[PDB]
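A.B. asks: data-v5.tsv is the file, holding TSV, C-alpha atoms:
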```
chain	number	residue	atom	x	y	z
A	993	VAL	CA	-74.91	159.13	-8.95
A	994	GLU	CA	-77.40	162.01	-8.96
A	995	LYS	CA	-77.10	162.20	-12.76
A	996	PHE	CA	-77.85	158.47	-12.95
A	997	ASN	CA	-80.85	158.76	-10.63
A	998	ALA	CA	-82.18	161.62	-12.77
A	999	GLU	CA	-82.02	159.52	-15.96
A	1000	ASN	CA	-83.37	156.26	-14.52
A	1001	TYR	CA	-86.66	155.48	-12.77
A	1002	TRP	CA	-86.64	151.75	-11.96
A	1003	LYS	CA	-82.93	151.61	-11.02
A	1004	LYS	CA	-81.18	153.90	-8.54
A	1005	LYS	CA	-77.56	154.26	-7.46
A	1006	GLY	CA	-76.60	155.26	-3.93
A	1007	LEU	CA	-73.53	156.65	-2.21
A	1008	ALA	CA	-72.62	157.11	1.45
A	1009	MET	CA	-69.62	157.55	3.74
A	1010	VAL	CA	-69.44	156.88	7.49
A	1011	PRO	CA	-66.66	157.67	10.01
A	1012	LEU	CA	-65.28	155.30	12.65
A	1013	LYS	CA	-64.17	155.73	16.26
A	1014	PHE	CA	-63.85	152.25	17.74
A	1015	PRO	CA	-62.50	152.63	21.29
A	1016	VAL	CA	-60.45	149.73	22.61
A	1017	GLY	CA	-60.43	148.87	26.30
A	1018	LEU	CA	-61.69	146.40	28.88
A	1019	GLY	CA	-63.53	147.37	32.05
A	1020	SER	CA	-60.60	146.81	34.41
A	1021	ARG	CA	-56.84	146.37	34.55
A	1022	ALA	CA	-57.13	142.76	35.74
A	1023	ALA	CA	-59.19	141.90	32.66
A	1024	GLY	CA	-56.26	142.95	30.44
A	1025	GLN	CA	-53.45	140.97	32.06
A	1026	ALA	CA	-51.64	138.36	29.96
A	1027	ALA	CA	-48.88	135.82	30.48
A	1028	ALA	CA	-46.46	133.74	28.42
A	1029	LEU	CA	-43.83	131.02	28.79
A	1030	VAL	CA	-40.67	130.92	26.66
A	1031	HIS	CA	-38.09	128.12	26.58
A	1032	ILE	CA	-34.65	128.23	24.96
A	1033	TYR	CA	-33.26	124.76	24.30
A	1034	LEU	CA	-29.54	124.03	24.17
A	1035	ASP	CA	-29.55	123.74	20.36
A	1036	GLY	CA	-30.70	127.38	20.14
A	1037	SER	CA	-34.34	126.76	19.22
A	1038	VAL	CA	-37.16	128.47	21.11
A	1039	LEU	CA	-40.59	127.25	22.20
A	1040	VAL	CA	-43.13	129.95	23.09
A	1041	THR	CA	-46.70	129.79	24.38
B	745	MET	CA	-16.27	90.82	40.45
B	746	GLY	CA	-19.10	90.07	38.04
B	747	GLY	CA	-21.58	92.52	36.59
B	748	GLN	CA	-25.27	92.90	37.31
B	749	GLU	CA	-28.49	93.22	35.32
B	750	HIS	CA	-30.74	96.11	36.32
B	751	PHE	CA	-33.84	93.88	36.13
B	752	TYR	CA	-36.26	96.76	36.29
B	753	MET	CA	-39.66	95.10	36.50
B	754	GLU	CA	-40.89	97.30	33.64
B	755	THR	CA	-38.87	96.49	30.52
B	756	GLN	CA	-37.81	99.06	27.94
B	757	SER	CA	-41.05	100.68	26.77
B	758	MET	CA	-41.88	103.69	24.62
B	759	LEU	CA	-44.64	105.10	22.41
B	760	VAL	CA	-43.69	107.72	19.82
B	761	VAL	CA	-46.48	109.74	18.20
B	762	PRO	CA	-46.26	112.23	15.31
B	763	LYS	CA	-48.60	115.19	15.61
B	764	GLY	CA	-49.01	115.55	11.85
B	765	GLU	CA	-47.89	119.19	11.82
B	766	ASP	CA	-44.42	120.69	11.24
B	767	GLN	CA	-42.90	117.24	11.90
B	768	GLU	CA	-43.79	117.56	15.59
B	769	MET	CA	-43.02	114.44	17.63
B	770	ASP	CA	-44.39	113.52	21.05
B	771	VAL	CA	-42.23	110.78	22.57
B	772	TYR	CA	-43.55	108.94	25.64
B	773	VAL	CA	-40.70	106.90	27.10
B	774	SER	CA	-39.79	105.04	30.28
B	775	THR	CA	-36.52	106.95	30.67
B	776	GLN	CA	-34.36	108.72	33.23
B	777	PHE	CA	-33.30	111.47	30.79
B	778	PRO	CA	-36.10	113.20	28.85
B	779	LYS	CA	-33.69	115.89	27.64
B	780	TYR	CA	-31.44	113.22	26.13
B	781	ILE	CA	-34.37	111.52	24.39
B	782	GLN	CA	-35.26	114.94	22.95
B	783	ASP	CA	-31.73	115.45	21.61
B	784	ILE	CA	-31.22	112.06	19.97
B	785	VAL	CA	-34.73	111.94	18.46
B	786	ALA	CA	-34.54	115.45	17.02
B	787	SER	CA	-31.01	114.82	15.72
B	788	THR	CA	-32.14	111.61	14.01
B	789	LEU	CA	-35.07	113.51	12.46
B	790	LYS	CA	-32.87	116.52	11.54
B	791	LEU	CA	-35.21	118.73	13.56
B	792	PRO	CA	-34.81	121.58	16.04
B	793	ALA	CA	-35.43	120.68	19.67
```
Show the structure stored in the file as structure tokens.

C.D. replies:
Amino acid sequence: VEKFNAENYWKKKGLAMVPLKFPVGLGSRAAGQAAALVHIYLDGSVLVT
Amino acid sequence: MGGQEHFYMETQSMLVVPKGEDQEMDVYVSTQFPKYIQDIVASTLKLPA
């Protein structure tokens, strides 16, 4: 990229790298609670929500 | 001893409605046995419960 930028005036290439720390978490324990309901019917099939 | 007609004031009534997805069927029936309606409808449609 630096060799390209040295040989060209009206066009420039660029390069960059950034790191990532995305923390995951809500403010409280109550904000993270979840629930579900699962049924098993007599033919063996399952309904989940 | 002779028989007897139930003579429920509401006659046999039902409205069956396909969802349009995965052959889902919502069946609204005047019945005493929703689980039985589920079995015979799914069996006739070759579907899981």

A.B. asks: What gap, in Å, lies between atom CA of residue 1026 of chain A and atom CA of residue 766 of chain B?

C.D. replies: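 So the answer is 26.7 Å.
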
A.B. asks: Which neighbours of residue 770 of chain B fall inside 9 Å, counting only C-alpha atoms, when residues of the same chain fewer than 3 positions from it are skipped, and could you give them as number ranges by chain?

C.D. replies: B: 759-763

A.B. asks: Closest to residue 783 of chain B among A:1029, A:1034, A:998, A:1010, using all atoms listed in the file?

C.D. replies: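 For residue 783 of chain B, the nearest of the candidates is A:1034.
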
A.B. asks: Counting all atoms listed in the file, which residues of chain A fall within 8 Å of chain B, and what is the closest atom pair for each with its distance in Å at one decimal, ordered by chain and rising number, as a tab-separated table?

C.D. replies:
```
residue	atom	partner	partner_atom	distance
A:1033	CA	B:793	CA	6.5
A:1035	CA	B:793	CA	6.7
A:1037	CA	B:792	CA	6.1
```

A.B. asks: How many Å lie between atom CA of residue 782 of chain B and atom CA of residue 749 of chain B, rounded to one decimal?

C.D. replies: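 Interatomic distance, atom CA of residue 782 of chain B to atom CA of residue 749 of chain B: 25.9 Å.
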
A.B. asks: Name the residues within 12 Å of (-74.0, 159.8, -1.7), counting only C-alpha atoms in the file's coordinates, and put them as a PDB file with C-alpha atoms, in the frame of the given file.

C.D. replies:
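Result went into part_39.pdb, see below:
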```pdb
ATOM      1  CA  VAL A 993     -74.910 159.130  -8.950  1.00  0.00           C
ATOM      2  CA  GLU A 994     -77.400 162.010  -8.960  1.00  0.00           C
ATOM      3  CA  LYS A 995     -77.100 162.200 -12.760  1.00  0.00           C
ATOM      4  CA  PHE A 996     -77.850 158.470 -12.950  1.00  0.00           C
ATOM      5  CA  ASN A 997     -80.850 158.760 -10.630  1.00  0.00           C
ATOM      6  CA  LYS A1004     -81.180 153.900  -8.540  1.00  0.00           C
ATOM      7  CA  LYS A1005     -77.560 154.260  -7.460  1.00  0.00           C
ATOM      8  CA  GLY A1006     -76.600 155.260  -3.930  1.00  0.00           C
ATOM      9  CA  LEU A1007     -73.530 156.650  -2.210  1.00  0.00           C
ATOM     10  CA  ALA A1008     -72.620 157.110   1.450  1.00  0.00           C
ATOM     11  CA  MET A1009     -69.620 157.550   3.740  1.00  0.00           C
ATOM     12  CA  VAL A1010     -69.440 156.880   7.490  1.00  0.00           C
TER      13      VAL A1010
END
```

A.B. asks: Please write as a VMD selection string the list of polymer residues whose atoms come within 10 Å of (-40.3, 109.5, 23.0), counting all atoms listed in the file and keeping to the coordinates of the file.

C.D. replies: chain B and resid 757 to 761 769 to 775 778 781 to 782 784 to 785

A.B. asks: Given 3 Å on each side, where is the centre and what are the edge lengths in Å to one decimal of the axis-aligned box enclosing the listed atoms of segment 1003-1020 of chain A, as AutoDock Vina command-line options?

C.D. replies:
```
--center_x -71.7 --center_y 152.0 --center_z 11.7 --size_x 28.5 --size_y 17.3 --size_z 51.4
```

A.B. asks: Give me, as a list in words, all polymer residues having an atom no more than 7 Å from residue 1039 of chain A, counting all atoms listed in the file and skipping those fewer than 5 positions away in the same chain.

C.D. replies: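 Surrounding residues, per the criterion: residues 1030, 1031 and 1032 of chain A.
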
A.B. asks: So what do you get for atom CA of residue 790 of chain B versus atom CA of residue 768 of chain B, distance-wise?

C.D. replies: 11.7 Å
